[PDB]
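Encoded as structure tokens, the following chain is the form deposited in one PDB entry, with no partner shown.
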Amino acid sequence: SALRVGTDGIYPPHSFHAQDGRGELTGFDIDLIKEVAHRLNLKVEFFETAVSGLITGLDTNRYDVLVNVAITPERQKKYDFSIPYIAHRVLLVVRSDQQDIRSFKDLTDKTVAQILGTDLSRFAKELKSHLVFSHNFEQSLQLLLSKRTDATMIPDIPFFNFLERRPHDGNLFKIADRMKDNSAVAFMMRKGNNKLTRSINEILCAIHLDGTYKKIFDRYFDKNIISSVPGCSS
């Protein structure tokens, strides 16, 4: 049978369409979950969904696995997680011209672009920022660059990818703050799907061991910049 995966195909380098949106789904998490399914002897069925609906989609059983999910204690309480397969660091990104934002606590009463439905949007709302909801990271940085927002909280992976895809933009950005720790990212499943979870975990250990992980990782990321997760053991 198929492996049903929910994702949003406008999040380079995680999940995005080739040939400038016209081609097949690709990206780091897409390749990785397809490799897990190949080794599981499974076809992958991708259900493209907006981020605001990814977790509700999982709840609704429209699909079985979500990619690139940050582990939180409330998500672990409510869902099953694979072993982490990557980590990101959350950054406070501002224009290089900004003067009054030097920390996360400074975002109170500032205008902040965050993706509707995300924990980062909730955090911005807890900070009593004024939210401008974006539909992906690209728009978040577009809103900042156009001066419609003062800042955005974004993980390092999509931000650095943005700088790679357009280095003229950027150099126009600066990182005002960053979380003290990086953040484990894993595949998220319905609670109780213990057998799929174990299978994914064993396949990911294999992928680490025979070098397939590093191959997928290096395809998309700068090792000197993006944090990976511990290897496995024979």
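Just count from 1 along the sequence shown to find any residue number. Whichever C-alpha set is largest while still superposing within 1.5 Å between the two forms counts as the rigid core.
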property	result
Between the two ranges 176-184 and 34-42, the one averaging a larger CA B factor in the entry	34-42
Higher-B stretch (mean Cα B-factor, as the entry records it), 160-168 or 87-95	160-168
Top residue by Cα temperature factor, when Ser146, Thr118, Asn136, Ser82 are compared in the entry	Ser146
For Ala18, the third of its chain into which the C-alpha B factor falls	highest
Record-listed C-alpha B factor of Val69: chain third	lowest
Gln142 - which third its CA temperature factor falls in, relative to the rest of the chain	middle
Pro12 - which third its CA temperature factor falls in, relative to the rest of the chain	lowest
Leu196 - Cα temperature factor, lowest/middle/highest third of chain	highest
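One more form of this protein exists, namely the form deposited in another entry; it is left out here, but the text below deals with it.
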{"item": "After fitting the core, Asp156 CA displacement of 2 Å or more between this form and the one not shown", "value": "no"}
{"item": "Flag for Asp169, CA shift 2 Å or larger between this form and the one not shown after aligning core", "value": "yes"}
{"item": "Core-superposed comparison between this form and the one not shown, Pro84 Cα displacement 2 Å or beyond", "value": "no"}
{"item": "Comparison of CA distance in that other deposited form with shown form for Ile71, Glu138, at least 3 Å", "value": "farther"}
{"item": "Cα-Cα trend for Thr118 and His88, given that in that other deposited form the distance shifts by 3 Å or more", "value": "closer"}
